[PDB]
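*Asks:* Line by line, the protein sequences are chains Z and F. Mapping of the first sequence onto the numbering used here: position 169 corresponds to residue 169, and the numbering continues sequentially without gaps. If you want the numbering used here, it's the 1-based position in the second sequence plus 443.
Protein chains: 2
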Amino acid sequence: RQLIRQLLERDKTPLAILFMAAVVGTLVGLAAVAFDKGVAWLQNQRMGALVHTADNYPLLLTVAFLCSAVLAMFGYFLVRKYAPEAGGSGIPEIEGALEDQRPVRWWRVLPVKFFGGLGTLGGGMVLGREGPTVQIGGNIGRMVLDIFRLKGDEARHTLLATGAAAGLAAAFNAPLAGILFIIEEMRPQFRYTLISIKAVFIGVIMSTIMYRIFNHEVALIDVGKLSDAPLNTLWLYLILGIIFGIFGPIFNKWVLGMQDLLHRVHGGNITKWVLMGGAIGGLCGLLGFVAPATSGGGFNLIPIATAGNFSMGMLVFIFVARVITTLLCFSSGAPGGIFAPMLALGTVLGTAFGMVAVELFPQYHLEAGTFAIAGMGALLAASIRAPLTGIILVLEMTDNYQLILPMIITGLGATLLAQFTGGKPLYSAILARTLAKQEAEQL
Amino acid sequence: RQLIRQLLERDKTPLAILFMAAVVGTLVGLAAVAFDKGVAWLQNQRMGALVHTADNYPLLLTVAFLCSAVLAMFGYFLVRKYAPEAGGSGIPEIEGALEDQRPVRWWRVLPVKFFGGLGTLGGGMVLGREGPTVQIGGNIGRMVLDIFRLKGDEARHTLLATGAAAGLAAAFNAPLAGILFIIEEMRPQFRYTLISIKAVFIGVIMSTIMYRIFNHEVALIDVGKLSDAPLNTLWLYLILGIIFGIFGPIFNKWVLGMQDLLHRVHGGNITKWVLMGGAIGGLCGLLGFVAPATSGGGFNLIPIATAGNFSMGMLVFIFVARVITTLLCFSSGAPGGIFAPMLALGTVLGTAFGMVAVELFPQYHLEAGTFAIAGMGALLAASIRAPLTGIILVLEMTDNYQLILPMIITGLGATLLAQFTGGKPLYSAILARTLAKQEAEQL
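1) Here's a check: name, in chain order, each residue in its chain whose Cβ is nearer than 7 angstroms to the Cβ of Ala357(Z), leaving out the five neighbours to either side.
2) Bridge partners for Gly571(F) per DSSP, in chain order?
3) Compare the C-beta of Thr651(F) with all C-beta atoms of chain Z and state if any pair is closer than 8 angstroms.
4) Give me the residue from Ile408(Z), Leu220(Z) and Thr325(Z) with the minimum Cα distance to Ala620(F).
5) Show which residues of chain Z have a CB atom less than 9 angstroms away from the CB atom of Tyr844(F).
6) Closer than 7 angstroms by beta-carbon distance: list the chain C residues that pair up with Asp454(F), in chain order.
7) For a quick check, are the C-beta atoms of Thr347(Z) and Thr306(Z) less than 8 angstroms apart?
8) Closest by CA to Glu184(Z), which one among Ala161(Z), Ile430(Z) and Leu3(Z)?
9) List the residues of chain F whose Cβ lies closer than 9 angstroms to the Cβ of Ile318(Z), in chain order.
10) Starting from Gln45(Z), trace the alpha helix (DSSP H) in both directions and tell me its first and last residue.
11) Could you confirm whether any beta carbon from chain Z is found closer than 8 angstroms to the beta carbon of residue 397(F)?
12) Nearest chain F C-beta to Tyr364(Z) closer than 8 angstroms, yes or no?
13) Can you give me, in chain order, the residues of the region 189–202 of chain Z that have a beta carbon less than 9 angstroms from any beta carbon in chain F?
14) Relative to the alpha-carbon of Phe557(F), which residue among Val522(F), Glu538(F), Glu536(F) and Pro535(F) has its alpha-carbon at the smallest distance?
15) Counting Cβ pairs, one atom from each stretch, are 3 or more of them under 8 angstroms apart for the region 683–691 of chain F and the region 777–797 of chain F?
16) Look at the alpha carbon of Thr651(F) and the alpha carbon of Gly606(F), and state the distance between them as a whole number of angstroms.
17) Between the beta-carbon of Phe172(Z) and the beta-carbon of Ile221(Z), is there less than 8 angstroms?
18) Count the other C-beta atoms from every protein chain shown that fall within 10 angstroms of the C-beta of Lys641(F), then say buried if there are 16 or more, exposed otherwise.
19) Using only CA atoms, which one of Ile781(F), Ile693(F), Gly700(F) and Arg585(F) lies nearest to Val466(F)?
20) Report whether the distance from the Cβ of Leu836(F) to the nearest heavy atom of the ligand ADP is below 7 angstroms.
21) Tell me which same chain residues have a C-beta within less than 6 angstroms of the C-beta of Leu238(Z), skipping the five on either side of it?
22) Can you tell me whether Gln135(Z) is buried or exposed, with buried defined as 16 or more other CB within 10 angstroms of its CB?
23) Would you please verify whether the beta carbon of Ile626(F) is less than 8 angstroms from any beta carbon of chain Z?
24) Exposed or buried, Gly333(Z), counting other C-beta atoms within 10 Å across all chains shown (16 or more means buried)?
25) Please state whether the Cβ-Cβ distance between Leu470(F) and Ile583(F) is less than 8 angstroms.
26) Let me check understanding here. Comparing Cα to Cα, which of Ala170(Z), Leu226(Z) and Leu234(Z) lies closest to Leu405(Z)?
27) What residues of chain Z sit near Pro618(F), judged by a beta carbon separation below 7 angstroms?
28) Cβ closer than 8 angstroms: which chain F residues qualify as neighbours of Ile338(Z)?
29) Using the three-state DSSP reduction, which class does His808(F) fall into: helix, strand or coil?
30) Under 8 angstroms, Cβ to Cβ, is there at least one residue of chain F near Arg1(Z)?
31) Alpha carbons only, please: which of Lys880(F), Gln885(F), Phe863(F) and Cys727(F) is nearest the one belonging to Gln6(Z)?
32) Hey, which unbroken runs of the alpha helix (DSSP H) at 4 residues or more fall wholly within the region 511–562 of chain F?
33) Which residues in the same chain as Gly308(Z) place their Cβ atom closer than 6 angstroms to its Cβ, once the five residues preceding and following it in sequence are excluded?
34) For chain F, is any of its Cβ atoms less than 8 angstroms away from the one on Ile213(Z)?
35) What number of angstroms, rounded off, separates the C-alpha of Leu30(Z) from the C-alpha of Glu528(F)?
Here it is in C-alpha cells:
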C-alpha cells in the first residue's frame, strides 16, 4: 500500500496530464465525428434537393443560391459576432497559442467554430474539414484544463498540442500524421518535455478510436493500389517537384493579396462583410451542380482525376476554376481550412502532369495516377512547407504506400525550389501577419 | 549568364551543402550494398563450404567453430587496434559526435567498421547491419567534408546527420525511418534549420536509389498481408505494450551490466579481449547448425514466426537463447548494432503473446500473427525509446500498414510504463557511460 501511496504523490503531476489527455482525445474525436456527420447531413440533403424541382432550371438555380447563401451568412455572422478570431483556417490561431502570443477563448470559439464550420462547409464551399477541427481540438484541450484545476505552466502547452494532434487525426483518420503535424509543422513552439509527446500519443490514439467507431471504412479516399513506380522514371518526379516548387510561393501570395483585397472592398463594416460572404457561398452553392468539380471541398473527384477520366483541357479548366474559388472562399474570412483543397489542387496538377508524361514518354510505361498521388502531397509542401507530414498524410488516406520513394522526391523538389524562390510557409506568414496587426492595433 | 551570376551569391553555401549531401547520399548506399554483398558472401559461401564436407557431425562442428572464430578474432582485434571507438553500435558514438563531445576519425573508422562488421556479421553473430552502417554513413559525411574542404560549423552538424540518416535509410530500405530517426532519436543534438533537413532529404533519397538499383525486393521481411486488427482487440495491444514496457528497462540494464561483467573478464588487455570474442564468435557460429534460429541478424525467423507455424515452448526457448546470445554478443564489444536483434527478439515475445490471446478467448477472431508486427516495434519503443522511428521502421520493411493504430497503441504502452519504471534510452545511456569514461581517462 505504501508503494501506491508514494506513487500517488510523486507522480501526481505527470499522470493527471495523461489522464486528462485521454479525456481530450475522447472529447475531440467525439465532437469531430459529430461535425463530420452533421456536415454529411445538410449537404447530402441539399445535393438531393433537386427531386422536388425536376424541370424548373432557373427556379432550381435561385433556390440553390438561397439555400446555400443563408447558410453561408449564418456561418459568417457567427464568426463576426462573439469571436472574430474563429475565421480563416484556424491552425495559426493555435500556432501562436502554443507560444504565449495568442490567447485562447474556448468558451467563445467552440460554439461558433462548430456552427460556422457547418454553415460554411455544408454550403458547398471550397473549405476543408480539418481547419475547424484542429482549432476545435485545441480549444477542447484548454477547456478540459479550465474545467479541471491545474497550474497551466506546461499543462496548457501540452494540452493544446494534444488537441491539435487529436483534431487533425480525427478529421483525416490519419493517426501518424496527427503526430507528425505536431512534430514537423508546429516544431518551434512545441516544447517536448518527454511527458508531452506521450500526451500527443494518448490524444491521437484516443481520437482515432472514436473516429473508427463511427465512420466504418478503410481509408478516406477510395482509390485502389496503383502500379509501383519503377526506377529510371523518378526524374519525372523531380521535375514535378520543380513545377510544384515554382507554383507554390506563386500561390499563397495570391491568398495574402486577396486577404487584403477583400478587406479593402468591405472596409470593416460587418453588414458589408457577411453579405460578401453570403454572395460567395451562394456562388459556390449554385456552382455545386452546373460544374460539380469546380465546387466542393475536394475529397470527391480525387478518384475521378487519378483514374484519367478527364481530358487535358478539362483538367486545366478544373485547375483554373478551382484555384480562384479556393481563393474567394478562403481569403474572405470563412471558418474553414486550406489544408484539404490544396490536396485537390495537387491532385489535379499531378494528374495533368501524368497525362502529359504518359503521352510524351512511351519508353517508360507509366500510369497517370502515380503522378496524381505523388503531387497531392506536393502543394502541402511547397506552400505550407511541411513535407514529412505532407507525404505521410497522403500515405495515410490513400493507402498507396509503395510509392513513398517518388513521394519524398516530389516533396523535396517542391520545398527546395519553394525556398529558393522567395517564399515563407503559409501558416507562419498568416500568423506573423495577424500578430503584427494585433500589436499594431493597440499602439 | 547574369541570372546564374546572381544565383550563385544568394544560395552560395546552401547549394554546396546540398551538392555534397548528394555526394554523401550516393557514397553511402553503394557503401551499404557493398556491405550487404560482402556479408551475404562469406556467409552463404561459409555455410556451403561447411556442408560440402558434411560427412561427420562433430568434425563438421569443430570447423564450424573455427570458421567465425577466426572472423571474430579478426573483427575484435581490428576494433582494438587503430580505432577503439568502433566497438559496440556506433549510433552512440555519432550521437555524441553530433555534439562536440566525441571526435570523428574517419580515416580510422571507415576502413575498420566496414571490415569488422564484415567479420562479425558474416561470422553468424547476433548483431545487425544498422550499427555498422549508420557509423559508416556519418563518417562518410565527415570524409566528404574533409576532402572537399568546406570547413564550416553548420556543415559538420549537417553532414553527420545526413550521413546517419543515409546509413539508416540504406540499412533497412526505409526512406521514411531515416528522416524520422534524426528527428526523434537525435532530437536534443540535431539543429533543425531549413537547409539542414533538406540535406537529410537529399541524403536519404540519393541512397535509397543506390540500394534499390542493386536489390530488387520490395521489402526485407516477407510477411505478406495479415488480418486487420478490429476495434475490439485494441486493449490487447495495450497489454502487450505494458509487458514490453516492463521488459524495457530490464533489458539495457542487462546490457549495461553484462558490458562491465565481460569487461572484468578480459581486464584491459587485447589478448584476453580477442580470446573472449573469438569464443563468442565460435559459439554463435557453432549455433548456426544445432539451432539456427539463434544466430544471424534475425530476419530469417520473422516471417516464420509471424506465420502460425511455431510452438509455444519453441518460442520460449528461442526467446531465452536469443536473449542470452544477444547480450553476450553486443556487450562484448563487437561492431554491430542492436535494432535488428531487438526486432527479432521482440517478434518472438509478440507472437508468444498472440498465441495466448487467440487461445484464451477465440471470440475476437484474432489471428496470432498480427501481434508479431505489433511486438517488433514495441521493444524498440521501450529500450531505444524512439517509438515513431520504430513504428515506421517496422512498417517500411513489412508493408503491413493497416495496423497503424495498434502500432501506436503498443508503442505508447511500451514507453509509458518504461517511464513509470526508471528506464532511460539505451543509446543515451551508452553515450553517457562512454563520456564518463572519457572524462575520467584524461586525469
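Beta carbons: idealized from backbone N, C-alpha and C, even for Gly.
*Replies:* With the given structure in hand:
1) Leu236, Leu366 and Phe371
2) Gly780(F)
3) yes
4) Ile408(Z)
5) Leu395, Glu396, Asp399 and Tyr401
6) The chain inventory of the structure shown lacks chain C, comprising the protein chains Z and F.
7) yes
8) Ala161(Z)
9) Within chain F, no residue comes near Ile318(Z); the closest Cβ sits about 30 angstroms away, beyond 9 angstroms.
10) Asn44 to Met47
11) Nothing can be reported for residue 397(F), as the shown portion of chain F is limited to 444 through 886.
12) no
13) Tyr192, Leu194, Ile195, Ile197, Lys198, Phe201 and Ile202
14) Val522(F)
15) yes
16) 13 angstroms
17) no
18) buried
19) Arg585(F)
20) For the ligand ADP, the structure offers nothing, since it holds no ligand at all.
21) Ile409 and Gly413
22) buried
23) yes
24) buried
25) yes
26) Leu234(Z)
27) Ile404, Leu405 and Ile408
28) In chain order: nothing, as chain F lies at least about 22 angstroms away.
29) coil
30) no
31) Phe863(F)
32) 513–523 and 534–540
33) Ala368
34) yes
35) 53 angstroms
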